[PDB]
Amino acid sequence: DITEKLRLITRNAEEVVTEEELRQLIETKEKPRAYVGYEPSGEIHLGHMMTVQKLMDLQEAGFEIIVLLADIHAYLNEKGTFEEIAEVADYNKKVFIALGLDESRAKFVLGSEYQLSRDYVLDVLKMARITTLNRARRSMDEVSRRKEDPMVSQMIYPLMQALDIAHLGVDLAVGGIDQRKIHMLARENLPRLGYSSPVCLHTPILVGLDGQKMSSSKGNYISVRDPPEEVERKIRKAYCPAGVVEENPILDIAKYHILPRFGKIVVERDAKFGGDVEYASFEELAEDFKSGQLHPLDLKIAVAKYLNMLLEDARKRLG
């Protein structure tokens, strides 16, 4: 079964640090623990669903799952007042549950629950003493709200993230590939504090609907709160080059959200365009897209329909 759980765990993962460690981890200790941390956000979008889906894969593969609602991190990264963040954190927990991470499959933890404890703060000070400002600053390049002229709070942020792995008893740290430098810092520094180096699983960074970097500004992304009509509109005008698989926003939704959740995707089409076709794997879909057998217009309609089913169900649970 090791082989099949390894396949599921690494599905749609961009990188695993390291493969061997992950394998031996599944071997020794039949109770592996993985987590993902999230700065509470008023808007939960496909990007979040990227790592959420990976947590569901892991839970299906036998892992214990922890979801860290990193409220202190959100504060340090200028996401608002403690009060505002506390409210978004509760909202986020509801959504994650509604998306499938129910409290019987995952344990939700609030950073403030332990990040102000004496043992944790002392570790932060030790981490700060052995970490150069340079290394810390560089680890935050793709994470900090401020790339240039950051606040001291953003330099403390990576140290705390690394410590969250140790204090939550995590064996596998899951996160987007933009968390890579922070995870390497953890692997290098945690042992110096008497903690084990974590295995890391990185997911790819989803490009926005326009084919460029996803940005809260442009709004080139889909939120779990977007109504069916809005989802349809955004997909309709999304960048989707015919025969181009990589960096294709629509293909990405099929690959990362629909197929993993539904198993297959039916693309209804008029007879003159080929008639209804069903894809049991992404490689089959991509192959037809690459060859021109599957046209962007038909794929878009199907992706919008499945995504809407996904979100509708989410809202249903969300009550």
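The first residue of the shown sequence is 1; numbering continues from there.
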item	value
Which of 260-268 and 26-34 has higher mean CA B factor, as the PDB entry lists it	26-34
Higher-B stretch (mean Cα B-factor, as the entry records it), 161-169 or 218-226	218-226
Deposited CA B-factor, highest of 174, 85, 116, 206	206
Peak C-alpha temperature factor (PDB record), options 178, 71, 123, 247	247
B-factor third for the C-alpha atom of residue 75 within its chain	lowest
Record-listed C-alpha B factor of residue 45: chain third	middle
Residue 147 - Cα temperature factor, lowest/middle/highest third of chain	highest
Modelled-residue ranking by C-alpha temperature factor, third containing residue 132	lowest
Cα B factor band for residue 107 (lowest, middle or highest third within the chain)	middle
